[PDB]
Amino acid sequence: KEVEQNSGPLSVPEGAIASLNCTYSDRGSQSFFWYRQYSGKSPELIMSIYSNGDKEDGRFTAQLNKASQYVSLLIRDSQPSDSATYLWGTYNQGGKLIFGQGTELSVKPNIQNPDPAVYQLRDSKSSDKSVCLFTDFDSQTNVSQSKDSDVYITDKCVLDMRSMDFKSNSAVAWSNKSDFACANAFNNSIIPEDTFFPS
């Protein structure tokens, strides 16, 4: 719970192996548990380990090396739905429970057939705003907050239509300014050059 938790929010391609290794301190520790926590939800146990060795559970594998003093977790066949904050816990001889650094796992979804484009969505009789949708881009793209203070942008999200075996990324941008047009909406972001803009 201090410096040098391994830098960066771990990123992993869809379908690839994810390896989390955390070295610990108190030698008196001899029992470790893994917890998975989705963003605004509560943490939930997903793996227990007791002896110096390996333990398996479906796509998960948790390692414990008391010699080196490191607890690890491996997730095989990574799905985007695995994207969460993983954190290990232990019971030390002091009677108290300890939660070490919690790592953020980001499994980038595999976008089979990318079609980068920004569409302007129809106004609502009810609302005055205009909304621009930047969709179908590949997971190699990162969206950035807008430069203007009164044009809102939401980081990319992944939606899946089970029926069609289709996943698509997307980011929204809106504003009530007249300045605002879908062509300037995402300028502060490195979008593919092949990016489509209708009419």
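The numbering used is simple: start at 1 and walk along the sequence shown.
Student: On average, which has the higher Cα B-factor in the deposited entry, 162-170 or 30-38?
Tutor: For C-alpha atoms only, the mean B-factor is higher in 162-170.
Student: Per the PDB record, is the mean Cα temperature factor higher over 39-47 or over 52-60?
Tutor: Of 39-47 and 52-60, the stretch with the higher C-alpha B-factor average is 52-60.
Student: Could you place residue 93 in the lowest, middle or highest third of its chain by Cα temperature factor, using the values in the record?
Tutor: As the PDB entry reports it, the C-alpha B-factor of residue 93 lands in the highest third of its chain.
Student: Quick check for you: using the entry's CA B-factors within this chain, is residue 82 in the lowest, middle or highest third?
Tutor: It falls in the bottom third of the chain.
Student: If you rank every modelled residue in this chain by C-alpha B factor, which third holds residue 135: lowest, middle or highest?
Tutor: CA B-factor rank for residue 135: lowest third.
Student: With respect to C-alpha B-factor, does residue 154 fall in the lowest, middle or highest third of the chain as deposited?
Tutor: For residue 154, whose C-alpha B-factor we compare with every modelled residue in the chain, the answer is the lowest third.
Student: Lowest, middle or highest third: which one holds residue 113 when the chain's residues are ordered by CA B-factor from the entry?
Tutor: CA B-factor rank for residue 113: middle third.
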